[PDB]
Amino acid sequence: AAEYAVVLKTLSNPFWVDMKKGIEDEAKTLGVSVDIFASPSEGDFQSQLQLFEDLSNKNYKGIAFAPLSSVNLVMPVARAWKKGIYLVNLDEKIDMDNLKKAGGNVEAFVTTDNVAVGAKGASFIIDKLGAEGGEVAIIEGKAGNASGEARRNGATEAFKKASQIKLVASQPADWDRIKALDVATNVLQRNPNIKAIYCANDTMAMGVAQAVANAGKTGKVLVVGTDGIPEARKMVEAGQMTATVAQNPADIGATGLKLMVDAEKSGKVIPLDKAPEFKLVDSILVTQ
């Protein structure tokens, strides 16, 4: 096997496509051989565990990964840490209590500050709704995923500080476009006076926009996404989405690879009771 392996969520989402490119570019800068893989879809928890196990069973020196769920890679990651594989968690926080209970750790975790992402999206909505405020909803990612949970907490905490805002719904749409359209339809049905919906990612935000359109409410219901994927940036320019909190997956990926290579130079994996190296990549609100 090459020196390093990378496990991304799914290349069917531009966020992960850009993270692969960032890693590829960084690999050339560092001089390292990297094999980059991804599961076929967001719901492939089991096959991602198998993918991780297959790479962990090869002799890569390090494996950088973004788990599809907080817990689906706890067991294989613990196993890999025990084998002395230098592990870096990209983007989506593996459940660290669960991992410590399974006897492993990760050298580092590189991600966006996801609480700030949800606070930016909510703060923008609050601003746009102005003095009168109104009812708002959050369309979360997969419940329990650290990335979505942080965005949810950041947005919820911001909305709770603004009394003119009424959070009427907070539901998971599992990073899925179809599911988000369905969840937004139901939310719009139950609370037809809703004025804005923060979505924990662009894949979901796009489907939420279609629900809003079906309801004859485009522009009357703000829709804010997260990631800054190409189609969502286009929708934001065209008024189909109000805004998106853009991330820089290329730098998450490059920075994670660099942390992994750096860790390998130490010659031992991180101790179980040492906090992983932590690095945050900025986000930025993208509006019309």
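Don't overthink the numbering: it's just position in the shown sequence, from 1.
Look at the mean CA B-factor for 20-28 and for 261-269 in the entry; the higher one is 261-269.
Of the two segments examined, 116-124 and 80-88, it is 80-88 that shows the higher average Cα temperature factor in the deposited entry. The residue among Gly148, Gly154, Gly103, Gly207 whose C-alpha atom has the highest B-factor in the PDB entry is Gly103. Between the residues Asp176, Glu140, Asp97, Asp202, it is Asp97 that shows the highest Cα B-factor in the PDB record. Ranked against the other modelled residues of its chain, the C-alpha B-factor of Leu8 as given in the entry falls in the middle third. Ranked within its chain, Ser70 lands in the middle third, by CA B factor from the PDB record. Ranked by Cα temperature factor within the chain, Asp251 sits in the middle third according to the deposited record. When the modelled residues of the chain are ordered by their C-alpha B factor, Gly43 lands in the highest third. Among the modelled residues of its chain, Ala1 has a C-alpha B-factor that falls in the highest third according to the deposited record.
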